[PDB]
Amino acid sequence: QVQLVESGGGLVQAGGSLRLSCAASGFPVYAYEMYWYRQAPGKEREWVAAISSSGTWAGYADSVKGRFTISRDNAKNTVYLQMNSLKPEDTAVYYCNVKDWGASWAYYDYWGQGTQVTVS
Amino acid sequence: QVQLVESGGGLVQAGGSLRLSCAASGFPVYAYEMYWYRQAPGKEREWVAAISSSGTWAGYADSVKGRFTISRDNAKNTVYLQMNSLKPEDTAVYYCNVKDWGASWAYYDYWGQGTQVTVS
Amino acid sequence: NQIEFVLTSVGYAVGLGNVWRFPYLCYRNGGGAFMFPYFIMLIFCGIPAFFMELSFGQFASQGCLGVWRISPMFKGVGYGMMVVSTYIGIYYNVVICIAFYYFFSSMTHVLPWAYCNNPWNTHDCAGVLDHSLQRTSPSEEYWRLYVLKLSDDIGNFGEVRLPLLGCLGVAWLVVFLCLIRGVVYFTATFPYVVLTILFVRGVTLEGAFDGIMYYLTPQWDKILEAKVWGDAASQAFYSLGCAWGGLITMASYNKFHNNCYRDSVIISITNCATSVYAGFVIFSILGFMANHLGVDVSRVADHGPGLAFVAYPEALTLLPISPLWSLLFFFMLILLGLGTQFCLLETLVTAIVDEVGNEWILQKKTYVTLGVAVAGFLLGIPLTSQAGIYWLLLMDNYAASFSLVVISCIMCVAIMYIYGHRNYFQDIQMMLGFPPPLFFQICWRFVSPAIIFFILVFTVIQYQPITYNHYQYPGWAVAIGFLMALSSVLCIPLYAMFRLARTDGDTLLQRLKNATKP
Amino acid sequence: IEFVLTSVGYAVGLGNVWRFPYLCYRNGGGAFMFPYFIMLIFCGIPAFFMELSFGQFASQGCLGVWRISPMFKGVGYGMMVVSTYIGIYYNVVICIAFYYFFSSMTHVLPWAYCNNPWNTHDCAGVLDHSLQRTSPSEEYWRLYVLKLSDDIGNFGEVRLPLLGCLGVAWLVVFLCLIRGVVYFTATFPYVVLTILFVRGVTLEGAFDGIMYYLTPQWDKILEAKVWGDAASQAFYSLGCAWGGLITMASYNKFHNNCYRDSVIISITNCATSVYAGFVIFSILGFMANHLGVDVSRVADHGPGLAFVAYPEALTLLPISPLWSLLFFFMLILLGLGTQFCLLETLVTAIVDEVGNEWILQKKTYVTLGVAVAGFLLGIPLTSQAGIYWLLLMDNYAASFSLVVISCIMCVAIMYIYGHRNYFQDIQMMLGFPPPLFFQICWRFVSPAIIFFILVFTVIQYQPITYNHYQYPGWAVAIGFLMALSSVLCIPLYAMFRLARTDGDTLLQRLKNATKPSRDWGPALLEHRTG
Amino acid sequence: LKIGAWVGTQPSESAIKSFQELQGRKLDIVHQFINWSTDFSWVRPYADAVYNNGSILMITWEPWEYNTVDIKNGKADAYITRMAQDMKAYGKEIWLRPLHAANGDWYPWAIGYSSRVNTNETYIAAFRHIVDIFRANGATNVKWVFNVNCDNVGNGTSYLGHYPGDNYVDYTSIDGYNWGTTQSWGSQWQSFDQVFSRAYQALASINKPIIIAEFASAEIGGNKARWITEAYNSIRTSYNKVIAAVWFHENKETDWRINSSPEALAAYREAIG
Ligand SMILES: CS(=O)(=O)c1ccc(OCC(F)(F)C(F)(F)F)c(C(=O)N2Cc3cc(F)c(OC4CCOCC4)cc3C2)c1
Ligand SMILES: CS(=O)(=O)c1ccc(OCC(F)(F)C(F)(F)F)c(C(=O)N2Cc3cc(F)c(OC4CCOCC4)cc3C2)c1
Ligand SMILES: [Cl-]
Ligand SMILES: [Cl-]
Ligand code: NA
Ligand code: NA
């Protein structure tokens, strides 16, 4: 059922900007909170951003806040992460995520394909 | 009536593992407690293991405890002795046994054929 | 010292009267169409009558029956307040039964009302975690078909809901066993900390603005409909405790020189601040249900009773670790109702006993409390039926809507024009030091009885038969609605027929001047 | 510590080693455990503490204490009737214990094999054909120990070996009544039960037995008789409504802590009832796969479920005859002790109504007369149709009647004598008043539970069965006549009292007869209304 | 007959069992003394152990700094109101015994005092003022205990003249002693009746329970162990209105201790046992 697909990554210089996009299907996404994570090669999965079902509140990691800007459009069933003022440390595989609790005490992590961003 | 039939021994190196098997016929073995003994060439017969009718409790000799794993399946009418981490001292003729009291004050020792295990 | 004394007032300003009932009434008459009539009726008529019921009982230091010494003829007002209390006490408990049902039903690894996979669900069903022109929510169907197998008419009682009849055991035992026996930091903060969790959820949902907009933006085209004021007068008077009798009974124990002015303002202010916050969270959830079901906020649910039990469960399902929060939420509603029931029944038993006199009935005080609980259970059985909410509404929006407004207004007439406003404003000054403010003095003598009078007149004219979710009530059910609504109000004229027979004078006017004077 | 084992010893006996497992089976394993604990906690223990306190305070026997409310002494007489039905059938259980004991004195136990003549082709054998299978123990019992007939009417001829053991079982208690070690008599029952418990769990199928014993049946909770038999068992196993609790506690010191006694006795009573069921059902779990029969229908029996199952695990023990000698000897000493207390109680009660040493010097001849009578009345029980009658007493005569007799006492004390007066009486000898759990249990929970169970049992009555054999109309009628023979002592004695007493009026003569006798209360210092 | 005692020093856990083991019984009541310069934050660490142990705390309150005039006028209301909100929060049944040994000439708050500042008319108004503060505050777990010395000591002393009525007092206690021949002023052997017979007879008119709140006997005069046996025999027979008996265990000035001699310890262990 749940499918998440992404686009907009690639290779860029230090000081550049990229607009990662993610589209979501198989479930009513307008009632879910969307998350973005990054895992550098060999290193573990760091958190990057999270956005509300409405889009009133969004929260960012301490190494990201104010450089990037998350946004979404629930009409298209999409979440976007606008990345600006990129630096060599942002070189990681960026994964779209949603945590489905299932009205239960535990949650299932649904994941995207992982779109690369490489910053020279 | 009572017949006991071992299989599965042989020759092995020090550090190897062998699972001896014994099948039982002519009597309702699911209500009996099965035992295994070993008698090295020329030396007397030592005890090795014993298992309950249900298979809740099993007991062993101190030179065996922490190495061998006894088990049984009352559907097949079989008892097994999974003899892990074998050593040169385990070189003996292994005999399957059952002690039938006969609802009396004395017991008859029914014995298997004796299957060799030789460890080098 | 004085901070701990604040939370006591905050605790009396929250309960099932405004967490469950205020959002449903605000929706039934229409979001912004009820807010403007509510604030006007609460400020001009609600708060001055609230301060009068505290002052009246604290000065005299007598309960809702004995306080009518100021005019022995009007003691039929005091009896009428017990009738209002007896209707509220038997139906308010089936609301607690349903809070228990959802509480116990929350004791699972997965909440049941989250999904469309269950047998009772129809092909219409929409699902938030998972076909038709019309759409229904998982919660809207779980309620309407599993919790209460709602029949097509009042006459169709079918068979009692055995799980609810069992809870109606627990909900009567749990108050009774507390009345025999009978912490402000937990009981005053816990209702607000849990309401804030759901409030955060409600606003962060898509469509919340379209819900909030409907709740706040006013309808000047709908403000000329008499019933919008009738239900707004009912809610302002119900939520404060007016015309139940309990305010006169609790304040009678209260010290003579207590500043009941500081009390009436503080209680009523944080009552409005909590009424608006409880509506705010509901309507923000309805705003999400609107786009989700593809129908307008004007049309998304339109239940009278049940709106809390259709919307809060639905909000709860989108919270992370959802069963944890639903256990706390329904437990909160339960402790809120049990407290207001302990005060409702303690008031009522004390008022039977004041009239019987202390000897013999003070031994019986537990066996009458037990008898009251047994009676409320036996009279609460048609409410646990397959036609439950049809009757629950008929009491809540007839027997106990507007009768609270006339009973507390006849008190205002009999004190202001017959006892004397001049005498009464001096009585307030003896225990407060200062006289009643100029806002209250005019509200009592002119604004409140004229507003209450005009609303009464136009509601009699603009009469149309009552509906629950586009189902119109039959002639013989709304007749019982009238008979209950005026059963409590007729206590005023009926007791006067008995008084004028007993009293001395043997004349037309002099016997009235004898019976009316203190 | 030595004072603990005395309480442990009173908490074990034939009432829960033999009779608890059989009742737990008939009504369904898990289906009886939940009703048993509820009836024991709410109705069993408070009535048990009341029968000790009632006796200990007044310091007078089973009959004499009813001068608390002199009209209700018909309750005191009724308790003797319950004792007289128990005493004559409880001894044929001891006879069968003697039979298996003496029959164990061989080189090989007989019930272990299918080779014996009485065995049918059906027989399964543990150590050694048909759609249905039977165990060698199940056939030894059913055909050799007791040649069971097809009906109650078919008495055939008395089992001479059992009739002989009935003489030994009466002599061995009688000769102890003339004459009359806690470390052995309190540990020996538990050390031997533990041996069989170990055996019971180590058998294949034991889990399927244990599962049936513990896992509850919410579909079977709505059946009135499940509560009737659970109420009977909770009240029977403690000693309530036999009269012996009032008689033994009457000797007891005034200021003894009977609260500490009633909790300690009843707790290790339940802990032993569950352990004795646990071993039985674990053996029935083995017999289930062995016979290829579902656990529920291995033996939908009556009394035999100890004599059919314990002999089975005994065959499975090494040096089996050694253990069977100890096990049946244990059951024997358990029954003889409870019979000694049952008969001593009864003779003391019967004698004290009649002139001191006008009949108190006949204490010997009357004890002998009681033993002779119990033998002559126990003869139909040693018949070919034995266990059909043994059950008819044990499920009618001496079963639910214990629940109503101990409840009429609770009504008589709480509403007519006064709960207010009674809670103050307990405080005079304990120092503290009765706990809030007991105060409400006595006035509301127990009389309503016992009342409702009575009402629904009268409605949901269906004729009784043993191993799916239904009882005939004449036999169930005698069941009713015995069951109410002991209860009608209450109304019948009141007809005699109201005739004797003064008043010559409708209500005043009742208010005279119901209020306490003028001679009431304890001895010397112990007064606070005098 | 609730048995209790003072325990030589402040009753904390290391101090209470020292006594409970000694008498071979759990103390039903524990006694403590505090002056009007101690806040409940100092009492609470001790009071915790008393209720944990399974005992009621009997707080003797000594207004050394405040007389019957200042208390009734409201000079000390900051302390009383602050105390009313600590015991109401604590919720445990605390038997507060204020303005105690009232008919003596040894206390600043006592009537017979040499200054003659506390009249039999101002004491009642001071006792009722304190009780009215705790009642207006809502402290319902403070059972007030009135106290009389066994004799009328001083200028204008009486048993019931300083009584605030059954409407303000919950228990009417007696403090008595048997000094023997220890004191160098003129003291004699007094049996229980020759200390308490008059004090019980004056209080017997008031229908309230009588607590014996300080009592003890010295060794040096006659027979302490006999006094002990016969004292409880008196409490239990003629003195039926008594509900508790609190001993005084100390050797700061006189050997009040029950274990003063090996023959006296067994007398107490038999009187309570
Ligand atoms: C806020 S709500 O959720 O809309 C609601 C509605 C109805 C309520 O029942 C009214 C009642 F049950 F209380 C009754 F019927 F007794 F009045 C409640 C409710 O529990 N209480 C409001 C209130 C008002 C007071 F003034 C009061 O005493 C004070 C203290 C002592 O003397 C001076 C005042 C105590 C209570 C508690 C809340
Ligand atoms: C467990 S059982 O096999 O099912 C069973 C059933 C009934 C029993 O007696 C019934 C009867 F008691 F009615 C009788 F046997 F006398 F008829 C017995 C049985 O032997 N006794 C019950 C009991 C109860 C006590 F509390 C008691 O202590 C007294 C209390 C005061 O401190 C010392 C003494 C002593 C005895 C002895 C076992
Ligand atoms: Cl409101
Ligand atoms: Cl039992
Ligand atoms: Na409230
Ligand atoms: Na025994």
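Quick notes on the rules
Residues numbered from 1 in each chain as written, not as in the entry; some residues may be left out. Chains lettered and ligands numbered in written order. Heavy atoms only, no water. Pairing = 2+ DSSP bridges. Helix = DSSP H or I, 4+ residues; strand = E, 2+ residues; numbered from the N terminus. Axes fitted to C-alpha atoms, helices over the stretch in contact; angles between N-to-C directions. Donors = N, O, S within 2.8 Å, 3.2 Å for Na, K, Ca; no water. Buried < 20%, exposed > 50% of the residue type's maximum accessible area, 1.4 Å probe, protein only. Right-handed = clockwise from strand over helix to strand, strands pointing away. Salt bridge = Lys/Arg side-chain N within 4 Å of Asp/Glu carboxyl O.

Draft legend 1. Region of the structure containing the sheet that holds strand β8 (residues 78–83) of chain B. Residue and element names in this part refer to chain B. Taken together, four strands build an open sheet; the order of strands is β1-β3-β8-β7 and the sheet is antiparallel. With partners counted over all chains shown, the strands left at the sheet margins are β1 (3–7) and β7 (68–73), one partner each. Sheet twist, expressed as the mean angle between neighbouring strand axes with direction ignored, is 15°. Relative to β8, strand β3 (residues 18–25) runs antiparallel, the two being bridged by six bridges. If you follow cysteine 22 over to β8, its bridge partner there is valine 79.

Draft legend 2. Quick look at the coordination of the sodium ion (ligand 5). Only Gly11 of chain C (O) and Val14 of chain C (O) from the protein coordinate the sodium ion (ligand 5), and they sit 2.2 to 3.1 Å from it. For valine 14 of chain C, a relative accessible area of 9% gives the class buried.

Draft legend 3. Representation of the pairing of strand β3 (residues 56–62) of chain E within the structure. Residue and element names in this part refer to chain E. With six of its seven residues buried, β3 lies for the most part within the structure. Here seven bridges tie strand β2 (residues 29–35) to β3, and the two strands are oriented parallel to one another. Within the sheet, the bridge partner assigned to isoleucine 29 lies in β3 and is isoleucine 56. In this fold, the crossover linking β2 to β3 by way of helix α2 (residues 40–53) has right-handed handedness. Bridge count between β3 and strand β4 (residues 94–97): four bridges; the pairing is parallel. Each residue of the ladder has a partner; that of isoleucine 59, found in β4, is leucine 96.

Draft legend 4. Focus on the pattern of salt bridges. For the structure on display, the rule yields 31 salt bridges over all chains. Between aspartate 261 of chain D and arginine 260 of chain D there is a salt bridge, and its shortest N-O distance comes to 3.6 Å. Overall, the relative accessible area of 48% leaves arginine 260 of chain D in the partly exposed class. Where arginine 97 of chain E meets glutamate 214 of chain E, a salt bridge forms, and the shortest distance between an N and an O atom there is 3.3 Å. Here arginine 97 of chain E is found in strand β4, whereas its partner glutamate 214 of chain E is found in strand β7 (residues 210–214), with 117 residues between them in sequence. Considered together, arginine 97 of chain E and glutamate 214 of chain E belong to a single accessibility category, that of buried residues. Several salt bridges share partner residues, and in doing so they unite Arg38, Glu46, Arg67 and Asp90 of chain A into one network.

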